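Trainee: Let me give you the structure first, and then I'll get to my questions.
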Amino acid sequence: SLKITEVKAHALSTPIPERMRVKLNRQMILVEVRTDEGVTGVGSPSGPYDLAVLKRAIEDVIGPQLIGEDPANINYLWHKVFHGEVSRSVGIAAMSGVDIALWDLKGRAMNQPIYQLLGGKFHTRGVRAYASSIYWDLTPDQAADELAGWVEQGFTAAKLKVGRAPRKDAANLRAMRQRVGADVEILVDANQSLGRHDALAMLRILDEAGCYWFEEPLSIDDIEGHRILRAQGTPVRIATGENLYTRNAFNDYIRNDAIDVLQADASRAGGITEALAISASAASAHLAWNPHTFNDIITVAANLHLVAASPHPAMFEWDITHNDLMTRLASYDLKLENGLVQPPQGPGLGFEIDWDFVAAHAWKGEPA
Amino acid sequence: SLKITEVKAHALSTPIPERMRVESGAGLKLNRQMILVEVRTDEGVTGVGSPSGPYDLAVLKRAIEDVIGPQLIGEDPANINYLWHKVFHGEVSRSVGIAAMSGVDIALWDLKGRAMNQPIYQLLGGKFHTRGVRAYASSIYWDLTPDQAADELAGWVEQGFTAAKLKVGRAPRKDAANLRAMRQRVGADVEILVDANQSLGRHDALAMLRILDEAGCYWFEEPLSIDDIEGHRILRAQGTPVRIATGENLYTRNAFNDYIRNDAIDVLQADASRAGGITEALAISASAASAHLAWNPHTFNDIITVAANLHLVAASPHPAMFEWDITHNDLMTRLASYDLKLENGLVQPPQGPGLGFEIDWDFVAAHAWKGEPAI
Ligand SMILES: O=C(O)CCC(=O)C(=O)O
Ligand SMILES: [Mg+2]
Ligand SMILES: [Mg+2]
């Protein structure tokens with residue numbers, strides 16, 4: 001029986017090189033939960049959110065509610081904190097990072113990867129990944145080149161940011177499909193930038209180009225607009241969720257027949273604990289859960305252990321942008337085999353932290 | 001035009017003299033705490049706000065000064081609508097983020113009213129409730145005995161209150177006994193409100209509702225977890241004369257819309273200092289009115305949160321049921337030159353510019369936070 005002695009939040013911030021910027025810094029909080037017997041777990045509450053707000057929430061609001069507690073009771077602790085002080089968002093985010101750390105700690109205590117605790121792999125072969133993402137302000141040829149580039153590197157799917165210039169978005173999509181043919185999935189992300197009627201015009205283009213999904217087509221507040229898009233009955237999936245923070249917001253999408261793909265992120269929506277609940281509610285409704293994963297290798301890994309164990313058709317976000325928090329933080333890297341990735345096979349999240357890298361990038365006050 | 005030069009968040013803390021344990025969780029209530037937001041301009045016109053509480057003072061100070069602040073420095077403060085959306089859609093989007101915005105928005109409205117030398121309610125179309133706003137005493141603690149509960153209610157009625165709120169849900173047999181004794185002591189003219197603080201499941205709430213109906217209670221506040229909209233609809237669907245109320249812990253129009261869409265609410269209790277400022281409270285109030293429901297805000301933290309809500313209530317066409325925190329609280333009585341004037345069971349908003357009173361800045365300087373938790 002362990003006891004928690006420390007809850008630490010390490011603020012990290014690395015500037016993005018000039019020629020890469022589409023974006024000032026890749027930031028994260030590396031949560032570290034320590035115990036009296038020396039078993040340690042780590043986590044990440046995603047981002048970008050203010051690092052000092054997160055650090056303060058984790059060490060000084062959540063932390064004291066955990067000191068002295070048996071880390072094994074993750075279910076109890078999640079509910080202790082939720083009905084502790086945070087309730088009376090960045091708070092759910094803060095909770096998520098701690099929750100992941102607790103799951104990592106649990107896997108490490110048992111010497112098992114997280115996915116083994118969750119019933120083992122569903123996707124034994126691996127998980128279909130997509131390249132995230134091809135960004136704004138490209139010509140048709142550049143968009144198609146970058147896509148062909150990802151395919152050549154082994155991806156069978158990629159995402160395109162759209163919504164700033166819909167006529168150009170359409171030109172891009174047509175060049176892309178033409179370049180790669182029908183066997184590559186092309187995903188689209190509008191980041192809430194469209195109203196209902198522009199989204200409907202866009203959906204007709206997506207349908208013609210055979211797009212896999214239309215992500216955040218509208219403001220997250222407009223559930224009815226999402227219902228309208230879904231109601232058009234195209235084979236293009238309506239997707240949202242990276243900016244939703246509760247089951248009792250995802251349920252409102254479900255109840256209203258408003259969504260095809262839930263994108264709840266374990267590092268944002270209440271941890272592995274709540275992501276398990278959100279994933280199951282999606283399954284119950286015969287809808288997909290394909291999480292947003294974009295921040296660092298910890299948020300990616302946390303989501304990947306759940307994805308690998310879930311029966312959902314996989315469409316797994318893999319950040320391909322220049323990001324030291326993806327490639328340098330830990331011993332686990334991208335490895336594609338026939339378009340598929342496999343979760344780390346070590347204990348807990350399944351890899352080791354490069355603590356030299358950690359200390360080298362402590363936050364000094366940088367924004368993003 | 002003016003330009004914003006500074007956005008400050010004064011963290012304030014005052015010691016609680018009485019020894020009071022928290023409702024549950026072996027700990028004492030140590031300090032009353034607040035952020036006093038201060039927005040300054042190049043021509044020296046200042047506005048103040050409060051993002052309510054209890055929230056972590058460091059979290060709020062950082063969010064106000066270092067996340068919102070930079071987005072406002074240099075901006076014209078007169079364009080509150082533009083700024084609200086510059087902030088909301090620019091940054092604090094991707095809560096305590098909405099809480100931080102709320103305090104800032106209130107300070108912008110205070111700044112505006114002061115710039116124009118007018119109280120906020122005048123900007124909002126002037127008074128609807130010209131004679132005053134009906135207040136209730138908040139709140140009678142639950143664990144009391146029937147005669148102790150009835151005595152507190154008698155006591156508030158004697159002070160001139162026409163309505164009071166009782167905490168319930170922790171021991172429904174006691175709750176039931178308290179209400180029978182209360183309704184006995186004062187009769188039928190006094191409104192009895194009830195607050196369960198989300199402590200009930202659906203079925204116990206349904207049992208409770210029957211007793212509230214019997215005692216002719218005005219509303220049933222936070223009968224259930226704020227995440228159980230369907231449960232609230234079920235309670236409302238029983239068709240009793242008891243209003244289903246919630247909202248002090250909801251922070252967006254969207255959450256309130258969800259309740260409305262689902263026939264789940266009678267009284268929205270969005271707090272201007274929590275739910276997105278006077279700006280968003282205006283929108284939430286109008287939505288209540290459009291659906292023929294009431295908006296009676298939660299107001300409980302300090303005189304600024306109270307005054308911000310009261311300016312809006314006074315200009316609004318809802319039947320008034322205005323929360324007056326009756327506990328010992330220096331942030332209610334010593335922060336500013338304005339106080340409770342109950343006359344015929346009614347309050348009036350402050351008559352000065354903006355929020356309508358002056359801050360006691362000596363009090364502020366003397367009560368600077370130094371790291372202590374509220375609990
Ligand atoms: O803190 C208290 O006792 C009152 C909180 C509450 O539920 C209210 O003011 O409505
Ligand atoms: Mg996205
Ligand atoms: Mg209440």
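Quick reminder, even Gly has a Cβ in these numbers, built from the backbone with ideal geometry, and neighbours come from all protein chains shown. No value in this document is a laboratory result; all are computed from the given coordinates.
Trainee: Please give the calculated 222 nm ellipticity per residue for the protein assembly as shown, where each DSSP H segment of at least 4 residues contributes -39500 (n - 2.57) and the sum is spread over every residue; nearest 500 deg cm²/dmol?
Mentor: Rounded to the nearest 500, it is -11000 deg cm²/dmol.
Trainee: May I pose another question? Mind scanning A:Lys55/B:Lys29; A:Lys8/B:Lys167; A:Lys364/B:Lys8; B:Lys167/B:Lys341; A:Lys121/A:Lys335; A:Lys8/B:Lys370 and naming the pairs with a C-alpha gap bigger than 27 Å? Walk me through the numbers on the way to the answer.
Mentor: Details: A:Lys55/B:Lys29 24 Å; A:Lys8/B:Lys167 38 Å; A:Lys364/B:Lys8 22 Å; B:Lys167/B:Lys341 25 Å; A:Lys121/A:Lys335 18 Å; A:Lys8/B:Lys370 22 Å.
Checking Cα-Cα distances, A:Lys8/B:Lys167 exceed 27 Å.
Trainee: Among A:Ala131, A:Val341, A:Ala143, whose Cα sits farthest toward the positive end of the charge dipole of chain A (+1 at Cβ of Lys/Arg, -1 at Cβ of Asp/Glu, about the Cα centre)?
Mentor: My answer, from the dipole projection, is A:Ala143.
Trainee: Roughly how many debye, to the nearest 20, is the charge dipole of the protein assembly as shown about its Cα centre, given +1 on each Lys and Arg Cβ, -1 on each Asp and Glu Cβ, and no other charges?
Mentor: Roughly 760 debye for the protein assembly as shown.
Trainee: Taking other Cβ within 10 Å of each residue's Cβ, how do B:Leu123, B:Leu293 sort, fewest first?
Mentor: If I rank by nearby Cβ atoms, fewest first, I get B:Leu123, B:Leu293.
Trainee: Next question. Rounded, prolate or oblate, given the Cα gyration tensor of the protein assembly as shown, with a/c below 1.5 counting as rounded?
Mentor: Prolate shape, in that a/c is at least 1.5 and a/b is the bigger ratio.
Trainee: Counting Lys and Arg as +1 and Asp and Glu as -1, what is the net charge of the other residues whose Cβ lies under 13 Å from the Cβ of A:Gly270?
Mentor: Result for the local shell: -2.
Trainee: Add +1 for every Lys or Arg and -1 for every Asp or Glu among the other residues with Cβ under 12 Å from the Cβ of A:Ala308, and state the total.
Mentor: My count for the surroundings of A:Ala308 gives +3.
Trainee: Would you mind checking which residues have amide H under 5 Å from B:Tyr136's amide H? H placed 1.01 Å from N; only 5 or more apart, or other chain.
Mentor: B:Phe322, B:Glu323, B:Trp324
Trainee: Decide, for the stretch B:203-312, between rounded, prolate and oblate: order the square roots of the alpha carbon gyration tensor eigenvalues as a ≥ b ≥ c, take rounded if a/c falls under 1.5, and otherwise choose prolate if a/b is larger than b/c, else oblate.
Mentor: Here the stretch B:203-312 falls in the prolate category.
Trainee: In chain A, with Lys and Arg counted as +1 and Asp and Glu as -1 at Cβ, which of these residues, A:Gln112, A:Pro48, A:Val61, has the Cα nearest the positive end of the dipole, that is, farthest along it?
Mentor: Positive-most Cα among the choices belongs to A:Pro48.
Trainee: Let a ≥ b ≥ c be the square roots of the eigenvalues of the Cα gyration tensor of the stretch A:112-354; is it rounded (a/c under 1.5), or, if not, prolate (a/b larger than b/c) or oblate?
Mentor: oblate
Trainee: Something else: Give me the net charge for the shell around B:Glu323: Cβ to Cβ below 12 angstrom, other residues only, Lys and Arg +1, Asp and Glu -1.
Mentor: That works out to -3.
Trainee: With +1 on the Cβ of every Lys and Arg and -1 on the Cβ of every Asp and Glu, and nothing else charged, how large is the dipole of chain B about its Cα centre, in debye rounded to the nearest 20?
Mentor: 400 debye
Trainee: Explain nothing, just the number: dipole magnitude of the stretch B:173-318 about its Cα centre with +1 on each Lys and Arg Cβ and -1 on each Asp and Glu Cβ, in debye rounded to the nearest 20.
Mentor: Dipole size: approximately 320 debye.
Trainee: Counting partner chain Cβ atoms within 10 Å of every residue's Cβ in B:49-57, what's the average?
Mentor: 2
Trainee: Among all the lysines, which ones have a C-alpha under 17 Å from A:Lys159's C-alpha, if same-chain residues fewer than 8 places away are not counted?
Mentor: Of all the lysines, those that pass the test against A:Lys159 - Cα under 17 Å, at least 8 places apart if same chain - are A:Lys168.
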